[PDB]
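Encoded as structure tokens, the following chain is the form deposited in one PDB entry, with no partner shown.
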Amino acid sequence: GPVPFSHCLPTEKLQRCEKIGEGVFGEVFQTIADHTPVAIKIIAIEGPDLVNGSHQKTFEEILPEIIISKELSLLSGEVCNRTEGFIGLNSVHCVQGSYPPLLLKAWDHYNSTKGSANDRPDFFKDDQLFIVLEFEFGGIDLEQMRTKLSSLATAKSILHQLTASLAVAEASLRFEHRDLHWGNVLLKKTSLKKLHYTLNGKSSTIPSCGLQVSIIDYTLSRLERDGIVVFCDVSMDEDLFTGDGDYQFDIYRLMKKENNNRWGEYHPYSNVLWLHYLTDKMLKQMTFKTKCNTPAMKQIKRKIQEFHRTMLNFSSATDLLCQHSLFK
């Protein structure tokens, strides 16, 4: 059965919560347990009330994210298809209760300093069900690092880490992220000079430039084990394909065109589209501390422009990782 908020979030853990994140889905907090930062996504489910202007999801509707989070997390521990470039899932709880007053406190501070689009979650009765997903801390997202990344060689490590991770997910799980905007790429200092993945039994390494990529947020994602497909059916949606201002909102339209609006199908090309979009963000809307002044750095910059220019002619992240000159 469900458990009080206090089962996931005992006092000390609940007291250390700072809000870091939000969408219509609900709220994301960061806290510390056993000296280790973790991220809490909290989703109200099954309720009649609108939240941030939409109907709560049923338990059934939230299972997909839970399953895909678990499967991508488990890749860090696999052999034939091993990657750490998704986000560790620590736990999942069903909780019952009004929102902890101490999460309201954290919610308020965020709303003051940074400002929130969300309803203050103070209107939930003591019979309200939530899902609490606790994740590894992955660091800070690509959007909020526009200005922070050092060289462009860093952008290579990132595209490589991202491509490798999706390739391993394609091979293992016939995975499409389907929503990999620069909000959904987290970065994190590492001491490791080489990072490791295994693709279909073949192990290779990627120079980190001392950053560890973590792909997050499997809300629109698709995959299958033994012919069971887990996805978000969005054939009957308008707003997603109507957006604009950003190359992002083209990728939705370009996915629908590629998959003929049949979202249960495997179209690993969707992963290429997002990697292009990310590569685009790297070359246009991203700005680095050190520009490309020196010879061998401009040879990296050409190979990425060459990547931007060619990658849309690859059928999968797997195809990109294995056949593209950027990764040779």
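One rule holds for the numbers: they count along the sequence shown, beginning at 1.
The discussion below concerns the form deposited with a partner chain bound, not included here.
- Heavy atoms within 4.5 Å of its partner chain in the entry with it bound are found in exactly one of 154-162, 197-205, 178-186, 81-89, that being 178-186.
- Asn52 belongs to the set of residues with a heavy atom inside 4.5 Å of its partner chain in the entry with it bound.
- In the entry with it bound, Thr219 approaches its partner chain with a heavy atom inside 4.5 Å.
- The closest non-hydrogen atom of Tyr247 lies beyond 4.5 Å of its partner chain in the entry with it bound.
- Its partner chain in the entry with it bound comes within 4.5 Å of a heavy atom belonging to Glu22.
- Checking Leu192, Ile140, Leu240, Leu104 for any heavy atom within 4.5 Å of its partner chain in the entry with it bound turns up a single hit: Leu240.
- Checked against its partner chain in the entry with it bound, the candidates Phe231, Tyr99, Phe135, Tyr252 yield a single residue with a heavy atom inside 4.5 Å, and that residue is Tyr252.
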